[PDB]
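> Note that the protein sequences, when read in sequence, are chains A and B.
Here the UniProt record's numbering = 1-based position in the first sequence + 332.
According to the UniProt record's numbering, the residues represented by the second sequence are 364 to 507, 517 to 620, in order.
Pasting a structure here, questions to come.
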Amino acid sequence: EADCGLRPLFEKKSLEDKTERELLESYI
Amino acid sequence: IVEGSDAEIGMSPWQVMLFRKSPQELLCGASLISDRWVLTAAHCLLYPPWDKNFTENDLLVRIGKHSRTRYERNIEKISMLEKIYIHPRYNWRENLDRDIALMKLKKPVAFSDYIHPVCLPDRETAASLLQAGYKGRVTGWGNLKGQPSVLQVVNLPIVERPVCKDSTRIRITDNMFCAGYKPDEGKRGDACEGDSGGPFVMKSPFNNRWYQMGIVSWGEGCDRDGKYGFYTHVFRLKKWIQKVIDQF
């Protein structure tokens, strides 16, 4: 729970996945 | 999933696959919300017009999977179910309102690089993110069939409520939302049957966390044609989720 939603291979490593920018750009 | 792209390893570590034991078959998606609790759609477990009424011993889940057909040694984990809880107001007769269920694992799963829970939304995250045009993400296996088939990903915009309402015969409720691109074509990705029960997730730019905003509800094959997929509104049902977990 404390650590929910933070992916070991992405957020925790300061790495982004290939399409997450598409989500964040839509949040206008 | 149709018209998706290959997910990366570790990209959806909360993804859970729900299987019938005998004969072995993939039934639905689902999501890991803690080391012992899994969220899915009620219709994955209970749908009487199709003689579907599973008990705990009928089912198993696999967690941490990337490839549909390759066994992933030391990575993927299998768990049996201790208990199934279906929403008591799940409306299977008419519109599948409150299409939600919880499954308790017989033993906790160990978290790893490939296995990790998704957050449930709080009020401010739901207020901020659940807006028409904002995109969420669904993951599942290529419901197009094939050979290699790794997990696929599609990112789909939330649809305006009146547009949703006009696209379907069903009486839509406030406990549902719909997502997907228009017929005249923004793109053409979508969640399919088989992806049902899986999570619709959104990433908060405020705190960098992934939240499960929706559960993929009813779909048949991948033909919605002119239609949009419907999703169970997780935030609106969050007190029910908490009630079940706190009691059991």
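C-beta atoms are modelled at their ideal positions from N, C-alpha and C, and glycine is treated no differently.
Need the endpoints of the alpha helix (DSSP H) that A/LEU356 sits in, please.
Counting from 1 along the first sequence, the entry for residue 356 of chain A is found at position 24. Counting along the chain, the alpha helix (DSSP H) containing A/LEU356 begins and ends at 352-358.
> Anything in chain A within Cβ reach of B/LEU492, meaning under 9 Å, just list it in chain order.
Walking along the second sequence from the start, residue 492 of chain B turns up at place 129. Ordered by position in chain A, the residues that pass the 9 Å Cβ test against B/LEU492 are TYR359.
> Identify whether B/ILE449 lies in helix, strand or coil by the three-state DSSP scheme.
For this step, residue 449 of chain B is matched to residue 86 along the second sequence. B/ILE449: strand per DSSP, three-state reduction.
> If we count the other Cβ atoms within 10 Å of its Cβ and call it buried at 16 or more, is B/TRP377 buried or exposed?
By 1-based counting over the second sequence, the position of residue 377 of chain B is 14. Burial is judged here by how many other beta carbons sit within 10 angstroms of a residue's own beta carbon; B/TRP377 has at least 16 and is buried.
> What's the C-alpha gap between A/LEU341 and B/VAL481?
In the first sequence, counting from the first residue as 1, residue 341 of chain A sits at position 9. In the second sequence, counting from the first residue as 1, residue 481 of chain B sits at position 118. Approximately 14 Å between the Cα atoms of the pair.
> Tell me the rounded alpha-carbon separation between B/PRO577 and B/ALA393.
Residue numbering aside, residue 577 of chain B sits at position 205 when the second sequence is read from its first letter. Residue numbering aside, residue 393 of chain B sits at position 30 when the second sequence is read from its first letter. Whole-angstrom Cα-Cα distance: 24 Å.
> Which residues does DSSP list as the beta-bridge partners of B/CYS391?
What you label residue 391 of chain B is simply residue 28 of the second sequence in a count that begins at 1. Looking at the DSSP assignment, B/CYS391 forms a beta bridge with B/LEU381.
> Cβ of B/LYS559 within 9 Å of Cβ of A/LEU356?
The residue labelled residue 559 of chain B in the question sits at position 187 within the second sequence. The residue labelled residue 356 of chain A in the question sits at position 24 within the first sequence. No, Cβ-Cβ distance for B/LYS559 and A/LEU356 is not below 9 Å.
> Along chain A, which residues have their Cβ under 8 Å away from the Cβ of B/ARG581?
For the purposes of this step, residue 581 of chain B is identified with residue 209 of the second sequence, where counting begins at 1. Within chain A, the residues near B/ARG581 are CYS336, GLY337, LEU338, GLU343.
> Is the separation between the beta-carbon of B/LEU507 and that of B/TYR553 shorter than 9 Å?
As a working mapping, residue 507 of chain B is identified with position 144 in the second sequence. As a working mapping, residue 553 of chain B is identified with position 181 in the second sequence. For B/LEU507 and B/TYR553, no; Cβs fall outside 9 Å.
> If you draw a straight line from the C-alpha of B/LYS446 to the C-alpha of B/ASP618, how long is it?
One-based indexing of the second sequence puts residue 446 of chain B at position 83. One-based indexing of the second sequence puts residue 618 of chain B at position 246. C-alpha separation (whole angstroms): 14 Å.
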